[PDB]
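Chain and residue survey
Listed below, chain by chain, are the residues.
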Amino acid sequence: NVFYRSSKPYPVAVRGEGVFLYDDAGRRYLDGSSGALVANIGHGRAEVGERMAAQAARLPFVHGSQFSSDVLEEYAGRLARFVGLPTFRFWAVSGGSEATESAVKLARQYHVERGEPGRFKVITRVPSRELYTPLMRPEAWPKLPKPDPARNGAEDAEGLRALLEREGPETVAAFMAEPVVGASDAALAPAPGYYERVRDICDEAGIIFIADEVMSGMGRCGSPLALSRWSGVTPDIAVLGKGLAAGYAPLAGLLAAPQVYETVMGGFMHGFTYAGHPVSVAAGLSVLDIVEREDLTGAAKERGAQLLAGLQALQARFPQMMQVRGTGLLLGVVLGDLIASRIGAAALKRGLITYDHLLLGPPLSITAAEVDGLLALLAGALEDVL
Amino acid sequence: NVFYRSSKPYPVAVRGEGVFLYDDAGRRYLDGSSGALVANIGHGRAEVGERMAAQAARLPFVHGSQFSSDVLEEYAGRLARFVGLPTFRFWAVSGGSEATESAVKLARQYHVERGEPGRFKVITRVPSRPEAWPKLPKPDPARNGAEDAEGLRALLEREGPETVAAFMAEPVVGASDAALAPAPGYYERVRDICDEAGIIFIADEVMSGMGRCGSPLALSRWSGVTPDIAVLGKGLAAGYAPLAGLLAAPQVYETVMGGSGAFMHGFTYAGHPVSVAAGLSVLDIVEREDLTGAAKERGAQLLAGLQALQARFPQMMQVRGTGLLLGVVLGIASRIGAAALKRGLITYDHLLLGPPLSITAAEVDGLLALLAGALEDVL
């Protein structure tokens, strides 16, 4: 009675242990992409399950329009401190899209509250009521060129000033970007100096800098927030998701600078039935305890380096691997002729889960031996197809 | 460090037990609207917690583009059977809006697969591009059910059925018009009109379903009528997990699968094992404690209580109720809600009421006593 996403055959999963998944045929798979870069701390954590059970028995649900909860109050502070934004305000939601839309809405409202309704444009980067209707206009979404990792970071970032100049800085509300790109361009990352310059340009222009960390955050890239890898730069709004509760509960949200929060509170949103959901928040808190206790951020750095080195080593045997990239445990492989689905299918056949581009990112808790196993499975898939 | 929704006070809740909530200040509140008609089986069900914990320890997450799960396969069948749509296909998502969005996209894709891309309009009903969303007048229970529904056919002829993909409606209206329900014969006529027009009938039971209105699905109260797509949420996991979804008739499912063979690619947590496990546990309880039957009994008691109050407060222009989904039309509601909260009663010119289906007879009387006090304060 399941409405499958497509007519293809869907294996039925029955168990998840660590970095592995098992189906109802006994087949075992190494979760090379943590599902969709979601299962950051691995599968089968009884610790998280116990925490969710305790919250369900104590206080499972309250609607945010009526009550806050002790677990949300606790988690908000814990999360803010972990990511290095101790004074920021946490807006909890159930998914990444809700979190992203909340961020955009907030950026727009911020300027309207300050008496600057002319600021409505939201700049985004390739390849990633009456007060809000301007966001519906095509002109509200100007595009910044794709970053060029081979160019001096600050110089590359200056492209933002150029765009602002032609758009008219007084018409711009914000600039939103994934510090390290996800699926759109597998693990593409700007050169050093890029975000430091972006932060400064945004401050000069008076626009809100939104960091989309839905995929790159929570230790994934070897740092609490990937943006911090660039001289500790901090955004005005950080968007979180997927890895927040690491697959244990539908949890996402954003962290807003005090200035932004206070502006909107003076003079935010209504729906979201499960926004701030106690059981889901408890899952996030338990996951955070683990991320910190096991120093998975540090683990992502070490294991990420090992996996990247392995992918680079494979290029000699498979020169069809046009480019290999990685920041922490968010890596990418660009393929070409001297398909990503063809190699993905072959990988699955061999028991390797993956996301012309291949996005890789196993659980931050993966062991060194398991990283080598992942590489061996990938080599087999490449051999089958190439 | 919490980003509150507004500058007003948001008491910090710390415990939920049965139909009661308690804050860190010691205060107790009677959850008269189950939050937002979400907590259908009451608060603090350790049973559900244990089921979620067991799932988290066994298989917490798989992405639907890669794997299905044994718990989802189990739940899909159990849910389908419980709601009276045993052969329907379950599409799981994490929230009501995702479910409704999915239903509309499915209805539109259905016609595209059949070579009728012109059918793009989705008819909805007041007050639940503009031209793509025709509006049917709100129901009039004072009018004959079939007579009232006939307006849908007239609207179809006005719009041109060849340009319509579906008709979506809440069997019993929610907050838009507190518990407004059509007269007998309404949906029976709707079903026939849709069949004749060849359009998809979508029943939005996100608030009205899962026993809320004294039936597995509220639509069934109208001669067992079944939709082509039933949208569910809220009461699904009853506040224990963000879970929602839709059940599609085999005809609809097979048409998409037999055509392009693909539906949707978004929704990271769609089919989420832990949330689905909560839904399965909630379903076990709903069936075991016959909460659908309870809603009918407790609902009749609460409605009678509201009608008695109406005799005292003529400002209560209308008092309505279907199972435990009730409404009070005033001729104001906001002030009553504020006065009620001060007295310890949680509420949703309309007042929507709907306590947990597990509420006891004594607790219904307690709810009525608190409401009476709030009414006296304002009226």
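What counts and what doesn't
- Residues numbered from 1 in each chain as written, not as in the entry; some residues may be left out.
- Chains lettered and ligands numbered in written order.
- Heavy atoms only, no water.
- Helix = DSSP H or I, 4+ residues; strand = E, 2+ residues; numbered from the N terminus.
- Rg over C-alpha atoms; globule rule 2.2 N^0.38 Å.
- Buried < 20%, exposed > 50% of the residue type's maximum accessible area, 1.4 Å probe, protein only.
- Domains from an automatic or database assignment.
- Buried area = accessible area lost by both parts, 1.4 Å probe.
- Salt bridge = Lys/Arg side-chain N within 4 Å of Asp/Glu carboxyl O.
- Contact = heavy atoms within 4.5 Å.
- Polar contact = N/O pair within 3.5 Å; in protein donor to acceptor, adjacent residues only side chain to side chain.
- Pairing = 2+ DSSP bridges.
- Axes fitted to C-alpha atoms, helices over the stretch in contact; angles between N-to-C directions.
- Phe/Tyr/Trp six-rings, centres within 6.5 Å; stacked < 30°, edge-to-face > 60°.
- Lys NZ or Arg CZ within 6 Å of the ring centre and 35° of its normal.
- Parallel < 35°, antiparallel > 145°, perpendicular 65-115°, else oblique.
- Left-handed = near helix turned anticlockwise from the far one by under 90°.
- Patch = residues over 30% accessible without salt bridge, like charges linked within 9 Å, V, L, I, M, F, W, Y side chains within 5 Å.
- Areas by Shrake-Rupley, 256 points an atom, 1.4 Å probe, with all protein chains shown as cover.

This part covers the overall build of chain A. A count of helical and extended segments in chain A gives 12 helices and 14 strands. Taken against the 2.2 N^0.38 rule, which gives 21 Å for 386 residues, the C-alpha radius of gyration of chain A at 21 Å falls within 12% of a compact globule. The principal-axis extent of the C-alpha atoms belonging to chain A is close to 60 × 55 × 40 Å. Counting over 386 residues, chain A shows a buried share of 64%.

This part takes up the domain arrangement of chain A. All names here are of chain A. With domains assigned, chain A is organised as domain 1 (1–45 + 295–386) and domain 2 (46–294). For domain 1 versus domain 2, the distance between C-alpha centres works out to 27 Å. Note on domain 1 versus domain 2: buried area summed over both sides is about 2,600 Å², and carbon and sulfur give 55% of it. Here domain 1 and domain 2 share two salt bridges between them.

Further remarks concern the domain arrangement of chain B. All names here are of chain B. Here chain B is partitioned into domain 1 (1–45 + 290–379) and domain 2 (46–289). Here domain 1 and domain 2 have C-alpha centroids that lie 26 Å from each other. Contacts between the two partners involve 31 residues from domain 1 and, on the opposite side, 36 residues from domain 2. Roughly 2,500 Å² of surface becomes buried between domain 1 and domain 2 when both sides are summed, with 58% attributable to carbon and sulfur atoms. Our enumeration of links across domain 1 and domain 2 arrives at two salt bridges. Residues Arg-320 and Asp-177 are paired through a salt bridge, measuring 2.6 Å at the closest nitrogen-oxygen approach. Run the count over domain 1 and domain 2 and you get 20 residue pairs in polar contact.

All names here are of chain B. Spatially, β5-β11-β10-β9-β8-β6-β7 is the arrangement adopted by the seven strands of the open sheet, whose pairing is mixed. Looking at strand neighbours, the two that pair on one side only are β5 (89–93) and β7 (135–136), the edges of this open sheet. Relative to strand β11 (residues 244–248), strand β10 (residues 229–232) is paired through four bridges, and the arrangement is antiparallel. In the sheet register, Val-231 faces β11, and the bridge partner there is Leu-246. On top of the sheet, helix α3 (residues 70–82) reaches β5, β10 and β11; it is set at about 120 degrees to β5, its chief contact.

A few words now on the packing of aromatic side chains. For the structure on display, the rule yields 25 aromatic pairs over all chains. Judged by centre distance (5.8 Å) and plane angle (65 degrees), the rings of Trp91(A) and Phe3(B) are edge-to-face. Here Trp91(A) is found in strand β5 (residues 89–93), whereas its partner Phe3(B) is found in the segment before β1 (12–17) on a different chain. For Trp91(A), a relative accessible area of 3% puts it in the buried group. A centroid spacing of 4.8 Å and a plane angle of 75 degrees characterise the contact between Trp91(B) and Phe263(B), whose relative ring orientation is edge-to-face. Classification of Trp91(B) by relative accessible area gives buried; the value is 3%. Taken together, the ring pairs in this structure connect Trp91(A), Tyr261(A), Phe268(A), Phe272(A) and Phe3(B) into an aromatic cluster. Sitting above the plane of the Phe268(A) ring, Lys105(A) keeps its charged end 5.4 Å from the centroid. If you follow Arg129(B) out to its NZ or CZ, it ends over the ring of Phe120(B), 4.7 Å from the centre.

Right, let's talk about the packing of helix α11 (residues 340–350) of chain A against helix α12 (residues 368–385) of chain A for a bit. Residues and elements named next belong to chain A. In contact at an axis separation of 8 Å, α11 and α12 are set at 125 degrees when each is read in the N-to-C sense. When the axes of α11 and α12 are compared, the pair comes out oblique. The handedness of the crossing between α11 and α12 comes out as right-handed. Facing α11, whose interface residues are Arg-342, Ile-343, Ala-346, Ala-347 and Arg-350, α12 presents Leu-377, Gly-380, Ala-381, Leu-382, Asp-384 and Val-385.

A few words now on the pattern of salt bridges. All chains considered together, the criterion is met by 39 salt bridges over all chains. Between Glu150(B) and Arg153(B) there is a salt bridge; the shortest N-O distance is 3.1 Å.

On to unusual backbone geometry. For the bond running from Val126(A) to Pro127(A), omega is 0 degrees, close enough to zero to count as cis. You can see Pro127(A) is positioned in the loop between β6 (121–125) and β7 (143–144). The omega torsion of the bond from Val126(B) to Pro127(B) falls at 0 degrees, within 30 degrees of zero and hence cis. Assignment of secondary structure puts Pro127(B) in the loop between β6 (121–125) and β7. Although it is not a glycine, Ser223(B) sits at a positive phi angle of roughly 50 degrees. Residue placement: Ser223(B) occurs in the loop between β9 (200–204) and β10. By relative accessible area, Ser223(B) is classed as exposed at 61%. In this structure, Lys234(B) is a non-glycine residue whose phi angle is positive, near 50 degrees. In this structure, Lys234(B) sits in the loop between β10 and β11.

Attention now moves to a nonpolar patch on the surface. Residues and elements named next belong to chain A. Where nonpolar side chains cluster on the molecular surface, the patch consists of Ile-339, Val-385 and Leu-386 and spans about 180 Å² of accessible area. You can see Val-385 is positioned in helix α12. Residue class for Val-385 comes out partly exposed when judged on its relative accessible area of 32%.

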